[PDB]
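Let me begin by presenting the structure, written as structure tokens, before commenting on it.
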Amino acid sequence: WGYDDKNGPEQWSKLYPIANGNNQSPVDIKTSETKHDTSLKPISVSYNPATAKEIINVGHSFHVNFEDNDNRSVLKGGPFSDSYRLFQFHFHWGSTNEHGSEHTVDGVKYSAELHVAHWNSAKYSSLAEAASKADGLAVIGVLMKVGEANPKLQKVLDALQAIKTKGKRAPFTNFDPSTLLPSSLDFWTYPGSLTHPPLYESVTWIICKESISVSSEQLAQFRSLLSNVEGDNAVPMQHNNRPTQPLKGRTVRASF
Ligand SMILES: C=CCN1CCC[C@H]1CNC(=O)c1cc(S(N)(=O)=O)cc(OC)c1OC
Ligand SMILES: [Zn+2]
């Protein structure tokens with residue numbers, strides 16, 4: 001699977017029939033249809049910079065992984081009763097500044113999106129066990145609006161020169177990715193899925209109301225990553241955003 005026409009979003013259902021499921025992500029958040037939910041608690045993130053582990057070029061994207069052997073780095077509150085353990089963050093982006101985000105808000109497409117990924121360590125003993133469970137996963141999504149350069153992205157962007165081609169991996173240490181979140185943690189939540197194969201319906205989504213900035217040149221750094229292995233012809237990683245999927249009756253709740 002990929003983001004090519006031959007192996008892309010429109011094709012994923014042939015190998016992963018859940019692609020046409022009732023809980024697929026991402027979605028268009030229509031603000032006139034969201035329901036304020038008084039019981040939603042504030043989002044609580046408490047991440048230990050010593051849990052940052054490595055940065056890896058996975059062909060379609062790059063991932064920053066965290067040590068997830070214990071509860072040093074956790075998400076709590078919002079819609080959750082259980083503690084969720086941080087394991088990764090990554091980005092999605094588009095061929096153009098005009099699109100790139102996965103979620104949209106009242107039909108508006110942002111330039112990129114940050115995903116901070118967690119698994120339910122209260123209920124399950126590993127990411128692999130949690131990944132297919134309705135309550136297994138949690139993602140904080142942040143819409144990225146093209147404008148001013150975002151100095152908080154710097155350590156990440158500086159690291160990409162060491163993982164230029166597919167399969168390249170490097171240490172990535174001493175980083176707290178709560179530094180990337182917006183100052184307001186007002187949020188939408190809905191029950192959803194992984195936005196790429198295997199597309200499991202295992203994700204409680206937390207979408208921040210407030211965007212963060214990114215420059216057109218910072219986005220160019222992401223698109224300059226290469227999907228090919230070292231020594232082959234260069235194939236820039238131009239896009240990795242899935243189109244929005246039908247709500248199929250789900251309710252998007254607002255903390256605000
Ligand atoms: C089940 C596949 C395991 N993969 C390899 C190791 C991490 C993972 C790669 N990334 C994802 O598949 C992945 C992607 C998202 S996303 N883009 O936010 O829907 C979320 C996630 O866990 C909340 C993910 O991990 C389960
Ligand atoms: Zn993602």
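How things are named: the first chain in the structure tokens is A, the next is B, and so on; residues count from 1 in each chain; ligands count from 1 in the order shown.
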* Could you give me, as a list in words, the residues within 8 Å of residue A:247, counting only C-alpha atoms and dropping anything in the same chain fewer than 4 positions from it? => residues 22, 23, 24, 27 and 251 of chain A
Report the closest atom pair, with its distance in Å rounded to one decimal, for each residue of chain A that has an atom no farther than 7 Å from ligand 2; count only C-alpha atoms and all ligand atoms, sort by chain and then rising residue number, and write it as a tab-separated table.
residue	atom	partner	partner_atom_place_in_ligand_line	distance
A:90	CA	ligand 2	1 (Zn)	6.2
A:91	CA	ligand 2	1 (Zn)	6.2
A:92	CA	ligand 2	1 (Zn)	6.2
A:115	CA	ligand 2	1 (Zn)	5.0
A:195	CA	ligand 2	1 (Zn)	6.1
Written selection (N, CA, C and O atoms) as a PDB file, in the first residue's frame:
ATOM      1  N   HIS A  90       4.111  11.776  14.391  1.00  0.00           N
ATOM      2  CA  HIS A  90       4.471  11.926  12.959  1.00  0.00           C
ATOM      3  C   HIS A  90       3.568  12.987  12.326  1.00  0.00           C
ATOM      4  O   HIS A  90       2.701  13.550  13.040  1.00  0.00           O
ATOM      5  N   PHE A  91       3.795  13.281  11.044  1.00  0.00           N
ATOM      6  CA  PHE A  91       3.072  14.359  10.342  1.00  0.00           C
ATOM      7  C   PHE A  91       2.452  13.736   9.092  1.00  0.00           C
ATOM      8  O   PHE A  91       2.906  12.675   8.621  1.00  0.00           O
ATOM      9  N   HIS A  92       1.405  14.394   8.611  1.00  0.00           N
ATOM     10  CA  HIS A  92       0.942  14.219   7.216  1.00  0.00           C
ATOM     11  C   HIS A  92       1.010  15.554   6.493  1.00  0.00           C
ATOM     12  O   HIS A  92       0.819  16.617   7.120  1.00  0.00           O
ATOM     13  N   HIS A 115       0.112  14.249  14.304  1.00  0.00           N
ATOM     14  CA  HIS A 115      -0.499  13.130  15.067  1.00  0.00           C
ATOM     15  C   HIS A 115       0.423  12.724  16.235  1.00  0.00           C
ATOM     16  O   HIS A 115       1.555  12.274  15.964  1.00  0.00           O
ATOM     17  N   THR A 195      -5.526   6.193   9.956  1.00  0.00           N
ATOM     18  CA  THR A 195      -5.779   6.887   8.659  1.00  0.00           C
ATOM     19  C   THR A 195      -5.046   6.218   7.489  1.00  0.00           C
ATOM     20  O   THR A 195      -5.154   6.716   6.350  1.00  0.00           O
TER      21      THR A 195
END
* To do: For ligand 1, list the contacting residues at 6 Å or closer, counting only C-alpha atoms and all ligand atoms, as number ranges by chain.
  => A: 115, 117-118, 131, 137-139, 194-195
* Please give the complete set of residues from stretch 43-139 of chain A that DSSP, run on the backbone, assigns to alpha helix (DSSP H), formatted as a PyMOL selection string. => chain A and resi 127-130
Restricting it to N, CA, C and O atoms, dump the selection as a CSV table (one decimal), in the first residue's frame.
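Saved to selection.csv:
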chain,number,residue,atom,x,y,z
A,127,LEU,N,1.6,-2.3,22.5
A,127,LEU,CA,1.0,-1.7,21.3
A,127,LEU,C,0.4,-2.8,20.4
A,127,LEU,O,-0.8,-2.5,19.9
A,128,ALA,N,1.1,-3.9,20.2
A,128,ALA,CA,0.6,-4.9,19.2
A,128,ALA,C,-0.8,-5.4,19.7
A,128,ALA,O,-1.7,-5.6,18.8
A,129,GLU,N,-1.0,-5.6,20.9
A,129,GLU,CA,-2.3,-6.1,21.5
A,129,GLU,C,-3.3,-5.0,21.3
A,129,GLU,O,-4.4,-5.3,20.9
A,130,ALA,N,-3.0,-3.7,21.7
A,130,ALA,CA,-3.9,-2.6,21.8
A,130,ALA,C,-4.5,-2.2,20.4
A,130,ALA,O,-5.6,-1.7,20.3
* To do: Run DSSP on the backbone and give me the residues of stretch 146-229 of chain A it puts in strand (DSSP E), as a list in words.
  =>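 These are the residues in question: residues 146, 169, 170, 171, 187, 188, 189, 190, 191, 192, 203, 204, 205, 206, 207, 208, 212, 213 and 214 of chain A.
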* A:252, A:173, A:40, A:121 ranked by distance to residue A:159, top pick (using only C-alpha atoms) -> A:173
* Asked: What does the distance from atom CA of residue A:242 to atom CA of residue A:219 come to in Å, to one decimal?
  ->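 Going from atom CA of residue A:242 over to atom CA of residue A:219 covers 17.1 Å.
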* **Contact residues around stretch 124-126 of chain A with only C-alpha atoms at 12 Å, ignoring same-chain residues under 4 positions, as a PyMOL selection string** => chain A and resi 67-71+82-87+118-120+130-137
Output the selection as an mmCIF file, in the first residue's frame - N, CA, C and O atoms for each residue.
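Heads up, here's the output in selection-v1.cif:
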data_model
loop_
_atom_site.group_PDB
_atom_site.id
_atom_site.type_symbol
_atom_site.label_atom_id
_atom_site.label_comp_id
_atom_site.auth_asym_id
_atom_site.auth_seq_id
_atom_site.Cartn_x
_atom_site.Cartn_y
_atom_site.Cartn_z
ATOM 1 N N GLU A 67 10.275 5.348 23.774
ATOM 2 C CA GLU A 67 10.305 4.201 24.696
ATOM 3 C C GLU A 67 8.932 4.166 25.350
ATOM 4 O O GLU A 67 8.482 5.226 25.836
ATOM 5 N N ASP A 68 8.295 2.986 25.278
ATOM 6 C CA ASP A 68 6.924 2.748 25.790
ATOM 7 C C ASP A 68 6.873 1.501 26.665
ATOM 8 O O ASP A 68 5.835 0.794 26.641
ATOM 9 N N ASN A 69 7.891 1.334 27.515
ATOM 10 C CA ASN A 69 7.990 0.188 28.446
ATOM 11 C C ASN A 69 7.316 0.562 29.760
ATOM 12 O O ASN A 69 7.050 -0.341 30.538
ATOM 13 N N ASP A 70 7.013 1.829 29.984
ATOM 14 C CA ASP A 70 6.383 2.258 31.257
ATOM 15 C C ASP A 70 5.589 3.527 31.013
ATOM 16 O O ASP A 70 5.529 3.989 29.847
ATOM 17 N N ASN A 71 5.049 4.089 32.090
ATOM 18 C CA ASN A 71 4.102 5.226 32.047
ATOM 19 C C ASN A 71 4.830 6.542 32.359
ATOM 20 O O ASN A 71 4.162 7.477 32.888
ATOM 21 N N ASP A 82 -8.983 5.763 31.299
ATOM 22 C CA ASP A 82 -7.704 5.017 31.352
ATOM 23 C C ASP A 82 -6.549 5.970 30.998
ATOM 24 O O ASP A 82 -6.780 6.947 30.297
ATOM 25 N N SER A 83 -5.346 5.694 31.478
ATOM 26 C CA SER A 83 -4.095 6.368 31.069
ATOM 27 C C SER A 83 -3.682 5.816 29.699
ATOM 28 O O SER A 83 -3.666 4.591 29.566
ATOM 29 N N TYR A 84 -3.306 6.664 28.747
ATOM 30 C CA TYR A 84 -2.741 6.235 27.441
ATOM 31 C C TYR A 84 -1.256 6.590 27.331
ATOM 32 O O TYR A 84 -0.833 7.739 27.591
ATOM 33 N N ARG A 85 -0.472 5.611 26.938
ATOM 34 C CA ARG A 85 0.991 5.717 26.857
ATOM 35 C C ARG A 85 1.445 6.256 25.504
ATOM 36 O O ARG A 85 1.135 5.650 24.460
ATOM 37 N N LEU A 86 2.195 7.336 25.502
ATOM 38 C CA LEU A 86 2.852 7.876 24.295
ATOM 39 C C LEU A 86 3.754 6.828 23.671
ATOM 40 O O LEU A 86 4.561 6.224 24.364
ATOM 41 N N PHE A 87 3.669 6.652 22.354
ATOM 42 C CA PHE A 87 4.696 5.846 21.641
ATOM 43 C C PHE A 87 5.290 6.518 20.399
ATOM 44 O O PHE A 87 6.325 6.007 19.917
ATOM 45 N N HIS A 118 -0.839 7.229 20.979
ATOM 46 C CA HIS A 118 -0.807 6.608 22.323
ATOM 47 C C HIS A 118 -1.535 5.263 22.255
ATOM 48 O O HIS A 118 -2.426 5.105 21.395
ATOM 49 N N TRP A 119 -1.219 4.354 23.162
ATOM 50 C CA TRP A 119 -1.927 3.063 23.317
ATOM 51 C C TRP A 119 -2.347 2.869 24.761
ATOM 52 O O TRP A 119 -1.696 3.486 25.678
ATOM 53 N N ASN A 120 -3.431 2.127 24.948
ATOM 54 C CA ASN A 120 -4.083 1.931 26.271
ATOM 55 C C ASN A 120 -3.284 0.927 27.119
ATOM 56 O O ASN A 120 -3.525 -0.289 27.064
ATOM 57 N N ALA A 130 -2.996 -3.741 21.661
ATOM 58 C CA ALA A 130 -3.929 -2.592 21.770
ATOM 59 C C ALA A 130 -4.452 -2.176 20.379
ATOM 60 O O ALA A 130 -5.577 -1.717 20.286
ATOM 61 N N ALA A 131 -3.650 -2.345 19.341
ATOM 62 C CA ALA A 131 -3.789 -1.662 18.046
ATOM 63 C C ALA A 131 -5.121 -2.028 17.394
ATOM 64 O O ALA A 131 -5.621 -1.202 16.641
ATOM 65 N N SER A 132 -5.685 -3.199 17.682
ATOM 66 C CA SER A 132 -6.927 -3.660 17.004
ATOM 67 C C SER A 132 -8.174 -3.536 17.902
ATOM 68 O O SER A 132 -9.274 -3.888 17.438
ATOM 69 N N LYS A 133 -8.042 -3.009 19.108
ATOM 70 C CA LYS A 133 -9.108 -2.907 20.143
ATOM 71 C C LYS A 133 -9.842 -1.561 19.988
ATOM 72 O O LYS A 133 -9.190 -0.541 19.740
ATOM 73 N N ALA A 134 -11.158 -1.544 20.158
ATOM 74 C CA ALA A 134 -11.966 -0.320 19.985
ATOM 75 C C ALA A 134 -11.409 0.787 20.882
ATOM 76 O O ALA A 134 -11.445 1.944 20.477
ATOM 77 N N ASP A 135 -10.956 0.420 22.084
ATOM 78 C CA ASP A 135 -10.428 1.395 23.083
ATOM 79 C C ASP A 135 -8.893 1.353 23.148
ATOM 80 O O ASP A 135 -8.314 1.858 24.158
ATOM 81 N N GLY A 136 -8.234 0.782 22.158
ATOM 82 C CA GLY A 136 -6.776 0.552 22.217
ATOM 83 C C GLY A 136 -5.903 1.782 22.009
ATOM 84 O O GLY A 136 -4.800 1.837 22.647
ATOM 85 N N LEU A 137 -6.315 2.736 21.174
ATOM 86 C CA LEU A 137 -5.468 3.822 20.670
ATOM 87 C C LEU A 137 -6.116 5.177 20.871
ATOM 88 O O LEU A 137 -7.361 5.300 20.851
#
* Structure fact -> Using only C-alpha atoms, the best pick from A:238, A:244, A:211, A:97 as closest to residue A:193 would be A:244
* Using atom CA of residue A:38 and atom CA of residue A:200 as the two end points, give the distance in Å to one decimal. => 28.6 Å
* Name the closest residue to residue A:163 among the candidates A:54, A:113, A:98, A:176; distances are taken between atoms, counting only C-alpha atoms. =>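 Among the listed residues, the smallest separation from residue A:163 belongs to A:54.
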* Between atom CA of residue A:204 and atom CA of residue A:184, what is the spacing in Å? ->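 Between these atoms lies a distance of 19.3 Å.
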* For residue A:191, which residue out of A:205, A:89, A:1, A:222 is the nearest one, using only C-alpha atoms? ->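 Selected residue with least distance to residue A:191: A:205.
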* Asked: So which one's closest to residue A:229, A:202, A:183, A:165, A:25? Using only C-alpha atoms, please.
  ->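 Of A:202, A:183, A:165, A:25, the one nearest residue A:229 is A:165, counting only C-alpha atoms.
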* **Pick from A:255, A:196, A:220, A:225, whichever lies nearest to residue A:16 using only C-alpha atoms** =>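 That would be A:196, the residue with the smallest distance to residue A:16.
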* Write out as a ChimeraX atom specification the residues lying within 10 Å of residue A:207, counting only C-alpha atoms and excluding same-chain residues fewer than 4 positions away. => /A:29,103,105,114-115,139-143,185-190,211,254
